[PDB]
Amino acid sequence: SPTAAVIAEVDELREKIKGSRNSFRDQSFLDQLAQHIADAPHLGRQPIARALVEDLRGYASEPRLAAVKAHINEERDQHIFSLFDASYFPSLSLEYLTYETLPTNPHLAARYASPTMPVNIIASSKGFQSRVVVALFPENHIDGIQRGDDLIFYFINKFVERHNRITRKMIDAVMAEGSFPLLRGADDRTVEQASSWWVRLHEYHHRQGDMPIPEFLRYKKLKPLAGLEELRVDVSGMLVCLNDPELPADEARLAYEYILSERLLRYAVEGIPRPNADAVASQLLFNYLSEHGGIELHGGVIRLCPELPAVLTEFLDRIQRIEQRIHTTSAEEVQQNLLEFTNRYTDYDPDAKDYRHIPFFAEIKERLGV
């Protein structure tokens, strides 16, 4: 295949430059890399590759990838190709992918607008095949720049895969029957649509409220606070799906079931031996809802209470009341108050200054191997 020849050429160069990450911004390296890219019989003739070669050859005087990002942001085609350095996506160096876009609801894209691209990866180099790489952000390029209107990509096929591997088995085992009826047996296109709604609502709400990111990002990287921010925007997404009447009723309920099931189940067991950021926040949600009448435990199984929408509003309101005090107190004091809220509903070890999976989800992890 012609695209398969291109990607085979990318993987071979990637293999040659692995172990050269310390010189990814050194011009002698970039000059050589650019030359090998230009001479690749198939890769080198791609328009996106013309752009990268140009950016790299000019990097000594202009350290950014403007021609590459212009191509990508303008969607000149559906190929992405660049040199990457994202510490949380370590598999990414020289990488290539082709994507396909997904259907989009007009009201959703208009009322909750953001430069979000929910896409499926069709083909890709080796670095993009890691299960860790679920998205691609503009600062992940070696230049490290992000602008408000740079496109952000979410690889929806990977979230479908995660839903079918973890969430479904968790729904069967942990939820009371009838908890997520639209999700039962739903095909991959159905899950795809719901996941695409989730990422659009997610990125939009990151920018809303009194401590939005990127502005307050450096105050929201502590494990419990990073998770809480992810939870804040997804609870907002859930409530949008429940409350905004201009969204199609069937797709809106489906997306609500998706976001809630992901936040309640899949995210709640992430991380070994300790919960990661998302899991701490999901365990905060679990215990908050239990204590405030939004869910109930019957026979080791979770029942969703009819009052759940009101308890979700209560929970988001609570987060927003803490964040609102940024106007009258320091960011550090809000941090302490968000931490104090989290620790009331999670298993925090004050000597380790870290968290343990609450027993409910520790048992589930043991039972299901998740």
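Sequential numbering from 1, following the sequence displayed.
Novice: Output the stretch having the higher mean C-alpha B factor in the entry; the candidates are 140-148 and 86-94.
Specialist: Mean B over CA atoms: larger for 140-148.
Novice: Comparing 218-226 with 262-270, where is the mean C-alpha B-factor higher?
Specialist: The entry gives the higher C-alpha B-factor average to 218-226.
Novice: Which is it among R131, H205, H71, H298: the one with the largest CA B-factor in the entry?
Specialist: It is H298.
Novice: Per the entry, which of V233, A110, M170, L284 tops the list for Cα B factor?
Specialist: Answer, based on the entry's C-alpha B-factors: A110.
Novice: Relative to the other modelled residues in the chain, which third contains the C-alpha temperature factor of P248: lowest, middle or highest?
Specialist: Middle third, going by the recorded CA B-factors of the chain.
Novice: Classify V370 as lowest, middle or highest third according to the C-alpha B-factor given in the PDB entry, relative to its own chain.
Specialist: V370: CA B-factor falls in the lowest third of its chain.
Novice: Tell me, lowest, middle or highest third: where does the Cα B factor of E192 rank within its chain?
Specialist: CA B-factor rank for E192: middle third.
Novice: Once the chain's modelled residues are ordered by C-alpha B factor and cut into thirds, is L242 in the lowest, middle or highest one?
Specialist: Answer is middle: the recorded C-alpha B-factor places it there.
Novice: Which third of the chain holds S28 when residues are ordered by C-alpha B factor: lowest, middle or highest?
Specialist: Its C-alpha B-factor belongs to the highest third of this chain's values.
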